[PDB]
Ligand SMILES: Cc1cc2nc3c(=O)[nH]c(=O)nc-3n(C[C@H](O)[C@H](O)[C@H](O)COP(=O)(O)OP(=O)(O)OC[C@H]3O[C@@H](n4cnc5c(N)ncnc54)[C@H](O)[C@@H]3O)c2cc1C
């Protein structure tokens, strides 16, 4: 029997298994999971897992009925493409095709003190146990994850401080103009802008000042880095992530990658995109399955993955929807400026809609997503009215 080996045990790995089976794959499937848990969903870790009574985010995938050999507590540590062999913490195994789906790891600060990052079920459970009335929580970075952790900490009675090097919350992701508009949402947080953090100390954090800010709990949310250090020396093309083409093929034949670990050339956006988004990992698994099962005698084209990216965040009681891929070079146009129903659009030098941000208004996002896909060039009157449809029929 042929053998496809999937390295990693999250959304991309689980969904690739389902897709490979639904689309006719009858060979062997082995999944190498570094974690000692069946794959589970991550968006809930900073949401339900902190706040709700029930929060088991394990996927419904039935690996017994899909004849998937799931190997828990086994991490890949090396790759020998010429031998079609992967090295792991539990020994060697060979493959006929290999899928890299190891996700990304949180960036952390230096220092000796206790420092939480949100990536596993253990992280969320131990962080939840520390979010209690009378606790001082310091969040490093005014990021999506920090905003979500801040929400849960406030609801559980914590004092929250958030230290951001940039000029406004979410400035790294959305820019200073848009981020500045979210300040009222942070009104219950001790938010310190334009402030760098040097390290996590035994008693809290130390600012670039050298000044200290005491804390009972420190949570760092300053981004993630693809988990690719095990690929060192394999000769695979890397660029802060595994480089794949629009068909999720790496630089080496028979080896594929998708999800948070992957950096993908996008014909649409004319650059490499490193978008750690739930929807992008999930959608890529369907494309990847189609690529792997492409009958060689068939003359059909090879499936492509180049969607308009989508991301959401649940914070401060609201729902933020973001679609597209804007550059700092793009022009920001606020929709409904001066009204509570405002949204944000970005257009390029040719007037083409590149991205759109809405709040509690998915109808606006859905229309914007199709407008971006179509390359729509809405006029100023349409952009300034939040309710105006931007997509062609
Ligand atoms: C707290 C949190 C909240 C989020 N909220 C949102 C949200 O609201 N909306 C949104 O769109 N996105 C959200 N995301 C992003 C989204 O969850 C990710 O894009 C998605 O999980 C990526 O799936 P993946 O399978 O590529 O990676 P992961 O889900 O990270 O899976 C990778 C798995 O492989 C394992 N692994 C790592 N190294 C190895 C190795 N060497 N060998 C074997 N296994 C290994 C990891 O332990 C992990 O189990 C959030 C992410 C986090 C962390």
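In the entry's author numbering, the protein residues as written are 1 to 393.
All residues carry an ideal CB built from backbone N, CA and C; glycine is no exception.
Whole-Å CB distance - residue i paired with residue j, under 8 Å assumed
i	j	result
residue 293	residue 101	About 17 Å; that fails the 8 Å criterion.
residue 147	residue 313	7 Å
residue 86	residue 76	5 Å
residue 303	residue 342	With 8 Å as the limit, residue 303 and residue 342 do not qualify as a contact, their Cβ atoms being about 38 Å apart.
residue 372	residue 333	No, residue 372 and residue 333 are not in contact; Cβ-Cβ is about 14 Å, not under 8 Å.
residue 278	residue 78	Actually they are not in contact, since the Cβ atoms of residue 278 and residue 78 sit about 29 Å apart, beyond 8 Å.
residue 151	residue 315	5 Å
Residue i - DSSP class collapsed to helix/strand/coil
i	result
residue 220	strand
residue 314	strand
residue 370	helix
residue 174	helix
residue 93	strand
residue 195	coil
residue 28	strand
residue 3	strand
residue 364	helix
residue 77	strand
residue 69	strand
residue 19	helix
residue 49	helix
residue 394	Because the chain spans 1 through 393 in this model, residue 394 falls outside it and cannot be assessed.
residue 109	coil
residue 98	strand
residue 180	helix
residue 82	helix
Residue i to residue j span [Cα, whole Å]
i	j	result
residue 247	residue 273	14 Å
residue 165	residue 176	12 Å
residue 36	residue 196	36 Å
residue 204	residue 345	38 Å
residue 81	residue 98	10 Å
residue 226	residue 264	13 Å
residue 269	residue 27	36 Å
residue 284	residue 212	44 Å
residue 73	residue 348	46 Å
residue 11	residue 106	17 Å
residue 117	residue 140	10 Å
residue 222	residue 297	48 Å
residue 368	residue 310	11 Å
residue 200	residue 188	23 Å
residue 276	residue 286	17 Å
residue 439	residue 240	As shown, the chain starts at 1 and ends at 393. That puts residue 439 outside it, with no answer to give.
residue 25	residue 214	55 Å
residue 62	residue 340	45 Å
residue 325	residue 307	11 Å
residue 51	residue 128	8 Å
residue 48	residue 8	23 Å
residue 207	residue 198	5 Å
residue 56	residue 120	12 Å
residue 220	residue 392	42 Å
residue 362	residue 336	16 Å
residue 185	residue 178	13 Å
residue 53	residue 125	12 Å
residue 249	residue 209	46 Å
residue 60	residue 46	20 Å
residue 356	residue 260	22 Å
residue 380	residue 353	11 Å
residue 262	residue 245	10 Å
residue 295	residue 305	18 Å
Cβ shell of residue i (< 8 Å), same chain only, five flanking positions each side left out
i	result
residue 71	30, 31, 32, 33, 90
residue 216	130, 135, 136, 137
residue 350	377
residue 155	51
residue 318	185, 359, 360
residue 17	6, 29, 31, 61, 63, 66, 68
Any non-hydrogen atom of ligand 2 closer than 7 Å to residue i Cβ
i	result
residue 17	For ligand 2, the structure offers nothing, since it holds only ligand 1.
Neighbourhood of residue i by C-beta distance below 7 Å, restricted to the same chain and skipping five residues each side
i	result
residue 21	66
residue 153	131, 137, 160
residue 182	169, 170
residue 13	6, 31, 39, 101
residue 202	112, 113
Own chain partners of residue i with C-beta closer than 6 Å, once the 5 adjacent residues on each side are dropped
i	result
residue 159	136
residue 417	The structure shown does not extend to residue 417, since the chain is modelled only from 1 to 393, so the question has no answer here.
residue 180	168
residue 94	84, 85
Report the start-end ranges of each beta strand (DSSP E) in the stretch 286-357 that is 3 residues or longer and not cut off at the edges. For the stretch 286-357, whole beta strand (DSSP E) runs of length 3 or above, ordered along the chain, are 310-315, 318-324, 331-335, 343-347.
Starting from the N-terminal side, write out each stretch of the beta strand (DSSP E) that is 3 residues or longer and does not extend beyond the stretch 198-286. 204-207, 212-214, 217-220, 224-226, 242-244, 255-257, 262-266, 271-273
Any chance you could list the beta strand (DSSP E) runs of at least 3 consecutive residues sitting entirely within the stretch 119-165, in chain order? The stretch 119-165 contains these whole beta strand (DSSP E) runs: 136-140, 159-163.
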